[PDB]
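Novice: how does the following fold in three dimensions:
(8 chains)
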Amino acid sequence: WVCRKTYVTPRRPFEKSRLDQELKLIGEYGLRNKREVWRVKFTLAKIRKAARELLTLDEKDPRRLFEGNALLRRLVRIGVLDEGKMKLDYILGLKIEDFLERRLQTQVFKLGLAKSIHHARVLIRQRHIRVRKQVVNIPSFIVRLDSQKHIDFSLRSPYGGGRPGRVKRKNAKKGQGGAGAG
Amino acid sequence: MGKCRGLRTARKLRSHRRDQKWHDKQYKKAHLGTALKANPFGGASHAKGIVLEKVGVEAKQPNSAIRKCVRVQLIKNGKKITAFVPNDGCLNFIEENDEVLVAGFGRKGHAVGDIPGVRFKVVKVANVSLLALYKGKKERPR
Amino acid sequence: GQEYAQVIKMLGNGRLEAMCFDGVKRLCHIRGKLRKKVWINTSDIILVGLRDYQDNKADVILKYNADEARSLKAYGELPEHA
Amino acid sequence: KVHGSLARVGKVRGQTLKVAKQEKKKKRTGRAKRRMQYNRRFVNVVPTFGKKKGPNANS
RNA sequence: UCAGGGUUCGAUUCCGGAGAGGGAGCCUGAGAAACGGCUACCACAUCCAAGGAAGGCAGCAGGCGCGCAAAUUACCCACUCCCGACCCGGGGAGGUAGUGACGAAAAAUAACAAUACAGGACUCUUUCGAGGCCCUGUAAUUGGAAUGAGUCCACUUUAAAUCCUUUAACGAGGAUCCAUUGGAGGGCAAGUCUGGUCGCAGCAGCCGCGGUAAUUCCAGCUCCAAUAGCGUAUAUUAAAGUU
RNA sequence: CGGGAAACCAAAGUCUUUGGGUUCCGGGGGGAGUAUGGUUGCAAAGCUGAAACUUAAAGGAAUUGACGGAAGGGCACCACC
RNA sequence: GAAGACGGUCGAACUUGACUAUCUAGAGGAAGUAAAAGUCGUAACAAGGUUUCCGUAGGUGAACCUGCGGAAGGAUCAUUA
RNA sequence: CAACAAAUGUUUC
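Specialist: Numbering: from 1, shown residues only, chains lettered A, B, ... in the order given. Provided below are the atomic coordinates:
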């Protein structure tokens, strides 16, 4: 029954400069709320703290070696991070976009199959998107590397095939009952 | 540096600190259990009582108003306490022999504003929320 | 819409001893707009505010005059004895 | 030192001529509303170097 | 609660200890100073045809009292395990549903063109003027493009059900299938507003506002902030190198 | 040199680059050196020493006026002579 | 091999005093406090017209006054013989 | 050359 919080609010609350920054992030990133950003500012701070500790340790130090390499390999699987980075010295010099860039929502834009970070989120939350055998409704997801290619509309949502739409199918029978017969 | 620096002298430093902590008022309050012993509310956060009478209290200078509190006997320890009645005409809503839920100012036990010797505010009557009453979400039930 | 009053004694510092014509002596507080140029006296008519508060006390709002006092019989306030 | 009155209790609330509610619009659901904010604020929002301006201005 | 040092709590899903109204004693048994054993007194309460007689929810539900404060007088031994003569029985242990904004996770209440327009870096031109990419709104309605929230054959879940996770038939043109709660004088994010009042009512943790052009009030309008949450009170901690 | 808020300070220096030894007292201001118990005192009093409540400044230093029945001061029959 | 029963031990409980700790009623009395725009005096920020203040003692409507020894945080960092 | 009195009191501002 163990549980933990996933976000952290900023010490302080009114620093125009920070607020604007967050708003630009929501906009580019079809985000919903500040928490939506706060959640990531939080995710990142822990990663950076994880990193900083490690970087203070001796290199070759079974603890530093075994966990450093792991943090890196984890950070790379998600594309968040790259090789020269792909050492700890580089994660220290990293940022939020790099995570934010891997969510669904922005990818469904990023290859035509949405044309909007907008469209993207309503598409995702509405069941028209599988990551290869599996519908994924979590506009919040995190697309892994060799998983980038398997993202596509789903086997039945209409695009993806399958009749029309509880509203399109309404319209077909909308030209049927009146204009066909009585 | 007013404080030995011998490897040994843990006991002197440890104890000298224990001796000075007292002057901290928050600390002393806590160790003497003042909240249990002096305070009208138990060492609790809210407290309910009966209304004895309605007071129009004479706000301190340079301000000038009639304040509008009730005097309340707390059921828990028969303690007599005066409590502010906030917002416009809300006295209206509390009558003598009423019941009421009182709460602290948010001042740490220290009276608020111009309102002199009053340290508490009404929150509920009609068991029923001055706010909901003032708005007219809910009524003076009966 | 209330009665009036009649100063009996003086205290000082926003404090004055009055004697309500109705037979009620209380400590009334000068009025803010009146005090600006009004200095209640121990022998004069005045008007103090008093609402839902037992009326055991009242605050001074404005003052009155004397010469008019003879007219007060006409004010329909004071009896054939004031 | 209290004496005084309440006659006047609630005098302004009861004298303040009530106002309609009027009406109009719904403002937008979560993230969409955030989006309108970001475009109105930042895209919109081009700004001038007019030495500034405001959010809740009249003339 | 996070610099680091530290600072505070710990009854409460485990371990060790303690008790079953208060006190004391004892039987049995390998194991008990046992209370879903007994026995006395002490305090409490109950039945009675008045001589008698029977009792202990700090077990599970529920109820009174208390208070700032806390759920069903519901289903099952199938899971997990336990006990017994026991594969087979029995288990308010325990599971299972109901209540459940402690609190924590996921995150709906609407996406895309088009006209239509409103616009800006780019280019061309001496200028006027025109073109132009990137597009955002804002209506005008369109136009095709959509999904569960509800509802519901069927099916799943499971002891049997519920819900989830599953779905035929239904379910989005806004007046909605209708989002909130605080703030907009300073700190402090946001009205050099409009009506009303005139140091009145109220506001205001603090500084301070209101005494007739009130950006602090009271209301709207408008705007901000956090957002299925937000305000308020309080213990305590951070801030506090004010221990 | 350097310290300190400055006035000042060869110590009040070597203090964020914070660590030579040791001892004592203070943690906003009032309530108060008060209440209360202990102790010492012939007595007068002394030592130890709270709270309730009260309140948003108490206070320090420097700077400048205003002002003085402070010093050198001046100037004018709106001053005296 | 039971009731019962001799005497003992543990000892609940009960009755009366003592002891210690904690809490709490109270006629009235006297402080302090708020505090504050009141009454009577002028006690002591400009030498406040009696320089101020400390220790201490006596005394006074009340601020306070006064002696004896201190201090300048004073109104003198000087005295020029 | 040295030395020398004096009370109280109304408003937002």
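
Novice: and the residue of chain A nearest chain C?
Specialist: residue A:14 (37.9 Å; CB to the nearest CB). C-betas here are computed from N, CA, C, even on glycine.

Novice: so that residue belongs to a helix, correct?
Specialist: No: secondary structure of residue A:14 (DSSP: H, G, I helix; E, B strand; the rest coil): coil, not part of a helix.

Novice: got a list of what it touches?
Specialist: By CB atoms under 8 Å, 6 or more residues apart in numbering or on different chains, the contact list for residue A:14 is empty.

Novice: and residue A:27, by the same measure?
Specialist: D:34, D:35, D:38, D:39, D:42, D:43.

Novice: quick one: secondary structure of the second one?
Specialist: Secondary structure assignment for residue D:35 (three-state DSSP): helix.

Novice: that one: neighbouring residues, count only.
Specialist: 21 (other CB atoms under 10 Å in any protein chain shown).

Novice: from what I see, it and residue A:28 are in contact.
Specialist: No: Residue D:35 is beyond contact range of residue A:28, at 10.4 Å (criterion: CB atoms under 8 Å).

Novice: can you show me the helices along chain B?
Specialist: Along chain B, the segments classed as helices by DSSP state H run B:10-21, B:25-31, B:34-37, B:130-135.

Novice: from those, which stretch is densest packed?
Specialist: Each of the helices of chain B was scored by mean neighbour count; the highest is helix B:130-135, a mean of 16, by mean count of other CB atoms under 10 Å in any protein chain shown.

Novice: longest single strand anywhere in chain B?
Specialist: strand B:46-55 (DSSP state E).

Novice: name the helices or strands packed onto that strand?
Specialist: strand B:69-74, strand B:80-84, strand B:100-104 (3 or more CB pairs under 8 Å, 6 or more residues apart in numbering or on different chains; DSSP states H and E).

Novice: off-centre distance for stretch B:8-19?
Specialist: Distance, stretch centre to chain centre, for stretch B:8-19: 37 Å (CA atoms, centre = their mean, to the nearest Å).

Novice: my bad, stretch A:157-174
Specialist: Distance of stretch A:157-174 from the chain centroid (CA atoms, centre = their mean) equals 29 Å.

Novice: got the end-to-end distance for it?
Specialist: Using CA to CA, to the nearest Å, one end of stretch A:157-174 lies 21 Å from the other.

Novice: next: stretch B:119-135.
Specialist: OK, stretch B:119-135 end separation, CA to CA: 25 Å.

Novice: so is it next to chain D?
Specialist: No: Stretch B:119-135 stays clear of chain D (CB under 8 Å from any CB of the partner chain), getting no nearer than 8.7 Å.

Novice: quick one: that stretch to chain centroid distance?
Specialist: 16 Å.

Novice: can you list contacts of that stretch?
Specialist: With CB under 8 Å, 6+ apart, stretch B:119-135 has contacts from B:40-41, B:46-47, B:70, B:72, B:81-90, B:93-94, B:98-105, B:107, B:109-112, B:137-142.

Novice: let's have the helices of chain B in CSV, adding distance to RNA strand F.
Specialist: Output for those, formatted as CSV (distance: least, CB to the nearest atom of the strand, whole Å):
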stretch, distance to RNA strand F
helix B:10-21, 4
helix B:25-31, 5
helix B:34-37, 6
helix B:130-135, 24
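
Novice: show the contacting residues for the residue of chain D found nearest RNA strand E.
Specialist: Of all residues in chain D, residue D:39 sits closest to RNA strand E, at 2.6 Å by CB to the nearest atom of the strand. Shown in contact with residue D:39 (CB under 8 Å, 6+ apart): A:27, D:45.

Novice: residue A:169 is in contact with residue A:163, correct?
Specialist: Yes: counting by CB under 8 Å, residue A:169 is a contact partner of residue A:163 at 6.0 Å.
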